[PDB]
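Working notes, beginning with the structure itself.
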There are 2 protein chains.
Amino acid sequence: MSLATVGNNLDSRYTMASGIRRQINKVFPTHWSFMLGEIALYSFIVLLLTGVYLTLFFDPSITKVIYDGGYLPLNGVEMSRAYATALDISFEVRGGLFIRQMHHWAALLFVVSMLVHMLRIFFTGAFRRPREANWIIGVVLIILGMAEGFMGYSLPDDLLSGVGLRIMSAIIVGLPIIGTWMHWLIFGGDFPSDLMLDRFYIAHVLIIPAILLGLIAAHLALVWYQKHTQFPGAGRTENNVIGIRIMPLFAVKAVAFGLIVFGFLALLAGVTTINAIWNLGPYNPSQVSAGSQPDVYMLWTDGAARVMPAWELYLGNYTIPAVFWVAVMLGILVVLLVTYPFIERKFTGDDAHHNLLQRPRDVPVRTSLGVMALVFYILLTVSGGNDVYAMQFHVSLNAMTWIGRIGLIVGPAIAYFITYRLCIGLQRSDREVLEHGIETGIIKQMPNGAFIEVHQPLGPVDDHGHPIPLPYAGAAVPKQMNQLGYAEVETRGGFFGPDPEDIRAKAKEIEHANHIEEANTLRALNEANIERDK
Amino acid sequence: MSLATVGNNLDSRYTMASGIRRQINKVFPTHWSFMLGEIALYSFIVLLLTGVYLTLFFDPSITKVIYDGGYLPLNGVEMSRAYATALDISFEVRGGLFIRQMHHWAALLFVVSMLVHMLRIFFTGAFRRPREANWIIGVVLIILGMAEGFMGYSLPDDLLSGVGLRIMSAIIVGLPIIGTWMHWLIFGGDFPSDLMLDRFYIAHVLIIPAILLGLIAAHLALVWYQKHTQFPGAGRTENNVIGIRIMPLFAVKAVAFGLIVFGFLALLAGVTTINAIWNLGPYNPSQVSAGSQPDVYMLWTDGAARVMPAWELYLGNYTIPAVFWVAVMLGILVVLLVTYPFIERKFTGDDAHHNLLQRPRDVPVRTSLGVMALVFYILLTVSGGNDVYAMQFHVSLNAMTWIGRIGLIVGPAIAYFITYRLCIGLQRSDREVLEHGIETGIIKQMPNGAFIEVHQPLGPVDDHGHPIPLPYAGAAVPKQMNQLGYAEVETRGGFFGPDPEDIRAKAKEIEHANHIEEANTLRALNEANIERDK
Ligand code: HEM
Ligand code: HEM
Ligand code: HEM
Ligand code: HEM
């Protein structure tokens with residue numbers, strides 16, 4: 001076939017035969033955690049493309065028009081050109097509503113996917129040496145992704161977006177030397193300003209996407225260069241990777257998971273409404289709603305402003321407003337996240353070149369601090385949303401603010417305590433299995449009447465008839481007998497009937513032969529590791 | 001110093017020591033041609049950054065306002081928001097005029113730098129195998145760079161831009177099935193349309209810059225991967241590169257030439273006016289000027305429309321306008337440029353893996369066709385500008401159109417004839433020197449009265465006392481004696497006086513010793529090439 005001619009013509013010119021061989025043969029581990037990041041990547045792809053489709057219709061201008069579009073309930077209402085063009089996307093373009101909702105849902109999925117991916121990186125310990133650079137890059141990404149998404153939903157100039165813009169401007173003006181100067185620099189004047197929405201539009205469609213794309217490219221390039229970490233397991237060492245090659249069996253799975261995420265987004269974009277701007281009306285600074293919170297990924301920085309106890313300083317001709325302290329708090333919160341691996345180094349007392357991951361149970365301090373930060377962030381989030389929470393679940397609004405205040409101290413401590421003790425209990429169960437074997441659950445009575453539970457050893461048994469303890473290795477310990485194969489089906493066939501018996505027996509024989517062959521190869525690989533380590 | 005600690009910390013994590021060594025040791029030839037492309041690259045950098053500064057002030061909206069800005073001569077004039085914000089850049093922002101002019105001059109320098117770089121690639125033969133891909137990429141770049149720049153100067157919605165937009169729309173609507181449909185797709189309706197300037201704005205600031213950046217990145221990456229071509233010379237072969245390493249002596253020169261181009265742009269941006277929009281007035285479809293040509297890089301496609309002899313087809317209920325044929329012509333013109341290396345292959349009868357460049361004199365057909373295309377393009381350009389040409393140089397406007405028409409046939413033929421014969425004469429001079437030696441110009445009279453000119457041989461001399469001819473090698477042949485060193489200064493020192501004589505003599509001795517040492521090393525390298533080729 002002419003495919004060989006194409007390949008020849010390519011390689012005779014570019015000599016890629018050595019390199020692409022090395023690329024296709026790279027090995028990637030197959031844990032389920034290790035494609036959370038791919039979700040964020042796929043969401044970003046969708047964010048790009050749907051965004052580019054929205055720009056052929058959106059007009060980022062704060063100057064007014066008397067609306068005369070397809071949405072009849074606002075004919076004659078004087079509105080910003082931004083809001084009018086967003087409405088024309090929603091109503092006058094075939095399927096523009098579908099697209100706009102997909103863009104928004106993709107933004108939410110992108111941010112939460114980054115959050116969960118970062119949680120995996122934090123708990124499993126993958127940020128450690130040499131990979132802390134990917135942490136410093138990645139934290140910047142999850143900051144900018146929020147910064148972008150915020151100004152992304154600020155653009156339509158509806159009533160719910162402009163209040164968040166008002167909040168941002170009023171926070172900037174309050175800074176204790178340069179606030180007025182920084183505000184006049186950013187907005188080009190007092191708020192609302194003529195040049196405001198175009199600066200934010202270009203910041204949203206060109207600048208921050210360009211930076212995110214560059215940083216994501218560098219991130220993935222670095223992950224590819226220094227190969228992926230892995231969990232401890234049979235035959236795994238600090239100096240090797242066990243998994244599947246990037247093709248055929250991994251690239252197709254990446255394509256398939258891309259398809260799944262893509263289609264999931266296209267479903268939820270048509271089936272759930274998001275940001276129904278047409279019933280919010282255009283922005284004017286005199287109007288506000290009871291539930292006027294920012295997007296979900298910004299609710300934490302709303303909740304901070306809700307829980308600060310109004311401490312304000314007056315110094316003669318000057319004043320530090322009460323909102324400077326939430327800026328300090330949120331900055332400290334961001335600094336701690338940004339610089340984490342080094343404050344981990346200074347107290348952990350090690351600088352080793354780790355390539356194997358820690359199970360979160362085996363590192364109770366870090367996982368306890370992670371759950372502590374999770375409850376802190378969640379209390380900030382729900383305090384941001386407490387207006388809705390109190391309205392729906394009928395808890396007094398003052399009680400919600402005080403729950404946020406006192407909880408941001410107390411609840412983290414309770415989280416740390418419970419998380420630490422639970423982790424210790426988990427690893428105690430692991431040791432109990434490794435030194436006594438699995439508890440099958442089969443209870444038998446001896447002739448003496450003693451009730452005994454037969455335990456099924458994993459390692460060899462002493463001549464007294466009891467297991468010899470194994471050393472814990474960091475790999476997961478099986479805790480039941482269905483996880484050793486002992487509940488697998490003996491019958492073969494589909495629904496409504498069996499396979500013929502000859503096929504049945506031969507298939508089961510081949511299955512068991514493979515099951516012992518893979519055990520043998522992993523066992524020999526582990527023994528080779530022992531020999532090669534001395 | 002702590003620099004060593006930084007380097008250690010880096011390489012212990014990323015292991016870049018092998019790779020960056022290989023990068024810094026890459027060799028690049030030093031011909032003056034081989035940084036024309038860098039000019040285009042630097043211009044593109046400037047185009048990006050100055051453009052990003054212009055977007056904090058520009059508002060791409062076709063909806064109107066009564067102007068009240070700093071430019072008093074248009075107070076009260078109702079104008080588009082685009083035009084008003086461009087005026088506010090020019091007059092209300094400190095130094096916005098300086099920036100806007102720099103952006104425009106950078107665009108012109110970018111396009112002409114691409115043109116001259118491509119001319120180098122065409123004449124020297126660098127497009128040949130394996131590098132034709134860089135040709136196919138590069139031609140696309142020099143198309144899109146023009147497409148962008150056109151819509152770049154269309155954005156302000158002034159009177160001179162909107163006429164070009166009118167021309168584009170009226171050409172699109174004339175296509176012989178889909179013209180009306182394609183126009184309604186692109187513009188969102190009839191011209192001028194509400195969504196027009198925002199589609200062009202996003203196409204100008206996001207889409208085409210993103211594509212140009214990606215293609216330029218791929219272009220430079222490919223040039224780096226397969227190493228740069230070189231001219232034939234002493235010690236040069238198809239299998240090696242002779243020049244300087246990318247650092248220290250090349251990277252600093254790249255920085256320095258970047259500085260020179262940058263500062264040149266900053267000078268000419270403040271010293272020459274470009275596109276003085278403030279005296280053109282806002283666009284309205286009923287008004288036009290005598291000199292209303294598009295930008296310079298679009299004048300060719302204007303000139304085509306000027307020289308087409310109005311051939312129009314009528315078919316019952318349908319008509320093919322007279323402007324369809326210029327579309328066909330310009331498309332043929334672009335196709336020929338895009339697909340050139342293969343129509344070079346089919347008639348040249350070779351598919352070899354060339355790495356040494358051809359001097360343009362040695363390939364008279366291709367260089368003659370190149371000058372033929374140059375005169376064709378220049379006649380198209382000046383026909384595009386003939387309204388100005390006839391007004392200034394006092395040649396009748398009809399005579400200019402007929403000069404364009406008949407010249408686009410005749411002048412290419414004359415160019416081919418003259419270019420071919422001149423190239424043959426050049427290489428004849430080269431052979432004459434190589435078989436008779438340099439003509440010094442020293443004329444002496446023999447005792448017989450015969451007037452002789454002493455010739456200075458390059459190669460050995462036969463026992464009859466006359467040079468043995470050398471075979472031509474494609475490298476330049478020296479044609480005078482000042483190019484062999486024989487006019488170099490014997491004195492040393494600055495203005496107003498000499499160096500002391502001891503310093504003088506020692507410096508000259510070292511100079512001549514180095515001059516013979518480099519000759520010896522190149523001679524030995526060439527002999528090694530002969531031995532290694534057999
Ligand atoms: C849009 C943002 C991001 C994208 C597209 C992304 C993508 C990826 C992908 C695909 C992987 C490999 C597969 C996997 O680990 O699941 C990865 C690994 C990694 N990510 Fe991210 N990620 C993003 C954000 C972050 C954040 C927020 C952090 C941490 C603060 C981070 C730190 C890391 C590190 C250190 C690795 C390598 C860990 C290892 O090799 O085991 N990344 N990233
Ligand atoms: C090529 C990059 C992007 C482009 C061109 C783009 C374009 C746009 C445009 C024009 C709008 C306003 C028009 C409308 O409401 O439909 C918008 C809104 C929005 N953007 Fe983007 N965007 C891009 C990337 C992103 C990214 C990376 C995120 C998230 C981090 C994001 C999140 C949002 C959100 C949440 C909205 C509000 C949607 C709505 O209110 O309906 N966008 N985007
Ligand atoms: C903005 C557009 C372009 C940029 C930034 C660019 C940049 C460069 C640079 C820096 C080089 C190496 C140094 C030099 O040759 O002077 C190069 C080489 C080259 N360029 Fe371009 N160029 C552009 C457009 C083009 C065009 C329009 C063509 C042809 C149609 C082209 C074809 C080539 C080829 C084939 C080479 C390699 C030739 C060799 O190795 O001798 N490029 N380019
Ligand atoms: C990041 C990429 C770019 C951005 C953000 C950008 C931005 C802009 C903006 C906003 C304008 C109109 C405002 C004004 O008149 O001052 C403009 C005009 C223009 N652009 Fe760009 N541009 C970019 C790249 C380019 C490129 C690559 C070219 C050339 C190929 C180009 C050529 C032009 C020209 C000729 C004008 C007209 C200038 C004038 O009329 O004063 N631009 N650009």
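Letters A, B, ... go to the chains of the structure tokens in the order shown; residues in each chain start at 1; ligands are counted from 1 in the same order.
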Check which residues of chain B sit at most 8 Å from chain A using only C-alpha atoms, and return one row each with the closest pair of atoms and their distance in Å to one decimal, ordered by chain and rising number, as a Markdown table.
```
| residue | atom | partner | partner_atom | distance |
| --- | --- | --- | --- | --- |
| B:12 | CA | A:130 | CA | 8.0 |
| B:13 | CA | A:130 | CA | 4.7 |
| B:14 | CA | A:226 | CA | 7.3 |
| B:55 | CA | A:202 | CA | 7.0 |
| B:56 | CA | A:199 | CA | 5.0 |
| B:57 | CA | A:195 | CA | 6.3 |
| B:58 | CA | A:198 | CA | 7.5 |
| B:59 | CA | A:198 | CA | 6.4 |
| B:60 | CA | A:59 | CA | 7.7 |
| B:61 | CA | A:61 | CA | 6.9 |
| B:129 | CA | A:13 | CA | 7.2 |
| B:130 | CA | A:13 | CA | 4.8 |
| B:131 | CA | A:13 | CA | 7.9 |
| B:195 | CA | A:57 | CA | 6.4 |
| B:198 | CA | A:59 | CA | 6.3 |
| B:199 | CA | A:56 | CA | 5.1 |
| B:202 | CA | A:55 | CA | 6.9 |
| B:205 | CA | A:206 | CA | 7.6 |
| B:206 | CA | A:206 | CA | 6.0 |
| B:226 | CA | A:14 | CA | 7.3 |
```
For this session: Report as a ChimeraX atom specification which protein, DNA and RNA residues come within 7 Å of ligand 3, using only C-alpha atoms and all ligand atoms.
Result: /B:33-38,40-41,44,110,114-115,117-118,121,126-127,131-132,134-136,138-139,141-142,216,219-220,223,227-230
For this session: Within 7 Å of ligand 4, which residues show up when you count only C-alpha atoms and all ligand atoms? List them as a PyMOL selection string, please.
Result: chain B and resi 44+47-49+51-52+54-55+58+86+89+100-101+103-104+107+110-111+145-146+148-150+152-153+155-156+204-206+209+275
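Every protein or nucleic acid residue with an atom no more than 8 Å from residue 99 in chain A, counting only C-alpha atoms and leaving out same-chain residues fewer than 3 positions away, appears here: residues 50, 53, 54, 95, 96, 102, 103 and 269 of chain A.
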Serialized selection, N, CA, C and O atoms, as a compact mmCIF listing (two decimals), in the first residue's frame:
```
# COMPACT_ATOMS: atom_id res chain seq x y z
N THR A 50 -15.20 26.31 22.22
CA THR A 50 -16.52 26.91 22.35
C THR A 50 -16.37 28.42 22.54
O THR A 50 -17.17 29.20 22.01
N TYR A 53 -16.11 30.09 19.31
CA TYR A 53 -17.38 30.21 18.62
C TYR A 53 -18.20 31.37 19.19
O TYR A 53 -18.95 32.00 18.45
N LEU A 54 -18.08 31.65 20.49
CA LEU A 54 -18.83 32.73 21.09
C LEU A 54 -18.33 34.09 20.71
O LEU A 54 -19.10 35.08 20.85
N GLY A 95 -28.78 27.63 18.23
CA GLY A 95 -27.89 26.83 19.04
C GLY A 95 -26.84 27.61 19.79
O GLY A 95 -25.95 27.00 20.39
N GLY A 96 -26.90 28.94 19.77
CA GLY A 96 -25.97 29.72 20.56
C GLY A 96 -26.16 29.53 22.05
O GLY A 96 -25.19 29.62 22.82
N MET A 102 -22.50 25.35 27.24
CA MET A 102 -21.41 24.39 27.25
C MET A 102 -20.11 25.04 27.66
O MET A 102 -19.32 24.44 28.39
N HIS A 103 -19.89 26.27 27.23
CA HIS A 103 -18.71 27.01 27.64
C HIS A 103 -18.70 27.19 29.15
O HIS A 103 -17.67 26.94 29.80
N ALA A 269 -24.68 20.36 29.10
CA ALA A 269 -24.84 21.70 28.52
C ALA A 269 -26.22 21.93 27.93
O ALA A 269 -26.64 23.08 27.80
```
For this session: Using atom 2 (C, counted along the ligand's line) of ligand 2 and CA of residue 163 in chain A as the two end points, give the distance in Å to one decimal.
Result: 23.6 Å
Problem set entry | Every residue of range 116-337 of chain B that DSSP places in alpha helix (DSSP H), as a ChimeraX atom specification | /B:116-124,132-154,159-172,179-187,196-202,208-225,251-271,299-307,324-337
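The list of residues with at least one atom within 12 Å of residue 328 in chain B, based on only C-alpha atoms and without residues fewer than 6 positions apart in the same chain, reads residues 175, 176, 301, 304, 305, 308, 322, 334 and 335 of chain B.
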Go ahead and write the selection's residues with C-alpha atoms as a compact mmCIF listing (two decimals), in the first residue's frame.
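Final output, saved to part06.txt:
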```
# COMPACT_ATOMS: atom_id res chain seq x y z
CA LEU B 175 -18.76 34.40 -6.71
CA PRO B 176 -20.68 32.19 -9.10
CA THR B 301 -4.47 42.46 -5.67
CA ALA B 304 -5.19 42.99 -10.80
CA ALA B 305 -8.68 44.47 -10.49
CA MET B 308 -8.79 43.12 -15.96
CA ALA B 322 -16.01 40.58 -14.42
CA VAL B 334 -0.77 31.89 -5.36
CA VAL B 335 -0.98 28.21 -6.40
```
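Using only C-alpha atoms, the shortest contact distance between residue 45 in chain A and any of A:261, A:341, A:430, A:411 is found at A:261.
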Taking the backbone alone, and naming residues the way the document does, which bits of range 281-407 of chain A are strand (DSSP E) by DSSP, as a PDB file with N, CA and C atoms, in the first residue's frame?
```pdb
ATOM      1  N   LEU A 313      -9.030  50.619  60.666  1.00  0.00           N
ATOM      2  CA  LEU A 313      -8.075  51.521  61.302  1.00  0.00           C
ATOM      3  C   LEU A 313      -8.200  52.930  60.740  1.00  0.00           C
ATOM      4  N   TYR A 314      -8.154  53.909  61.639  1.00  0.00           N
ATOM      5  CA  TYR A 314      -8.201  55.325  61.303  1.00  0.00           C
ATOM      6  C   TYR A 314      -6.950  55.996  61.844  1.00  0.00           C
ATOM      7  N   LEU A 315      -6.225  56.687  60.965  1.00  0.00           N
ATOM      8  CA  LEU A 315      -4.957  57.329  61.307  1.00  0.00           C
ATOM      9  C   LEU A 315      -4.992  58.748  60.749  1.00  0.00           C
ATOM     10  N   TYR A 318      -5.878  59.437  57.160  1.00  0.00           N
ATOM     11  CA  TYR A 318      -5.855  58.188  56.410  1.00  0.00           C
ATOM     12  C   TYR A 318      -6.697  57.138  57.119  1.00  0.00           C
ATOM     13  N   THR A 319      -7.038  56.086  56.376  1.00  0.00           N
ATOM     14  CA  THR A 319      -7.765  54.958  56.934  1.00  0.00           C
ATOM     15  C   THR A 319      -7.412  53.695  56.168  1.00  0.00           C
ATOM     16  N   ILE A 320      -7.208  52.607  56.908  1.00  0.00           N
ATOM     17  CA  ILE A 320      -7.106  51.269  56.340  1.00  0.00           C
ATOM     18  C   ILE A 320      -8.494  50.623  56.479  1.00  0.00           C
TER      19      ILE A 320
END
```
Exercise. From the set B:436, B:386, B:451, B:498, which residue has the shortest atom-to-atom contact distance to residue 470 in chain B, counting only C-alpha atoms?
Worked result: B:436
Problem set entry | Residues within 12 Å of residue 398 in chain A, only C-alpha atoms, excluding chain neighbours under 3 positions, as a ChimeraX atom specification | /A:306-307,383,386-387,389-391,394-395,401-405
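Counting only C-alpha atoms and comparing A:296, A:249, A:144, A:268, the residue that lies closest to residue 24 in chain A is A:249.
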Exercise. Please, what distance in Å, to one decimal, runs between CA of residue 381 in chain A and CA of residue 299 in chain A?
Worked result: 5.0 Å
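Between CA of residue 94 in chain B and CA of residue 178 in chain A lies a distance of 20.9 Å.
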